[PDB]
């Protein structure tokens, strides 16, 4: 019931308490844990992943009701051995995602250090999944702008809570791409592209999202809802921004857009957005001198969007094209 190697991981059936020791995952291997239902997995050392040619995920854990106790240990993806300024758009192969977490349970207090590109993929789930106190430290990817597409959390799942986490990276802090009942609370995001829903693709539906109590600094966007212009049979509905504190934003404080990958222009109509609110505690956003405060670019949006608790300052005014939606309140124009 102690895992000291990739091969040991295959031998944990029957263990209600697994100890995950530190070791290196060699080139051409992956580390896969399928723990017993309700097991506790406790990390007791750091796991380093030698440079590899495999596609990710390089680490996969999948189980029901898992209690993962990280004890502040590290999954080290050796990302600087791959970073080349091009991320997953071109250039060197980047194993991605680095980690994949599936099923349900509670994951606490570990660090992903220097993912090659996207750090943690979440989902699907079979019950509630909570990630609590995880650090995605990709700060080294800021050097010479080599890290890219280093998303902290990419979520395609229902019934997820991500809280008390820290992400230092070069792309979305979180990207919520599909699922219902997702809560992102009391997290700290810096360096990257802010807190995102999307990009929304054909057939994907995000609903009942709560983005509460987070801090975003030194990022390209504060919050975004992005839908691919060409997406159809898709939607975002029921999003509440509450008590977020944001500053140091380079491009847009808020960008709600159905033009992705463009920020604006000929927005699509097949991924309707509804019921997007800034309520509860103040969401205050400070943007840089060349930035835009708020832009909404809807081809198809609906509902009474209560933005009363949003304040955005700095930079210049954006543009509001809200289609059928009526946006009330706030300070940002």
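Residue numbers count along the first chain shown, from 1.
> Test of understanding: from the entry's C-alpha B-factors, which stretch has the higher mean, 264 to 272 or 294 to 302?
264 to 272 has the higher mean C-alpha B-factor.
> Should the higher mean CA B-factor in the entry be assigned to 118 to 126 or to 255 to 263?
Comparing 118 to 126 with 255 to 263, the higher average CA B-factor belongs to 255 to 263.
> So if I compare the CA B-factors in the entry for 186, 78, 143, 237, which one is the largest?
Result of the comparison over 186, 78, 143, 237: 143.
> Can you tell me which of 29, 283, 277, 48 has the maximum CA B-factor listed in the PDB entry?
Highest CA B-factor of the listed options: 29.
> Residue 156: which third of its chain by C-alpha temperature factor?
Within its chain, residue 156 is a lowest-third residue by C-alpha B-factor, going by the deposited values.
> Sort the modelled residues of this chain by their C-alpha B factor and say whether residue 58 lands in the lowest, middle or highest third.
It belongs to the lowest third of the chain when residues are ordered by C-alpha B-factor.
> Would you mind checking where the Cα B-factor of residue 92 ranks among the modelled residues of its chain, as the lowest, middle or highest third?
Within its chain, residue 92 is a highest-third residue by C-alpha B-factor, going by the deposited values.
> If you rank the chain by CA B-factor, which third does residue 102 end up in: lowest, middle or highest?
Highest third - that is where residue 102 ends up once the chain's C-alpha B-factors are sorted.
> Looking at the temperature factor on the CA atom of residue 246, which third of the chain's modelled residues does it land in?
Middle third.
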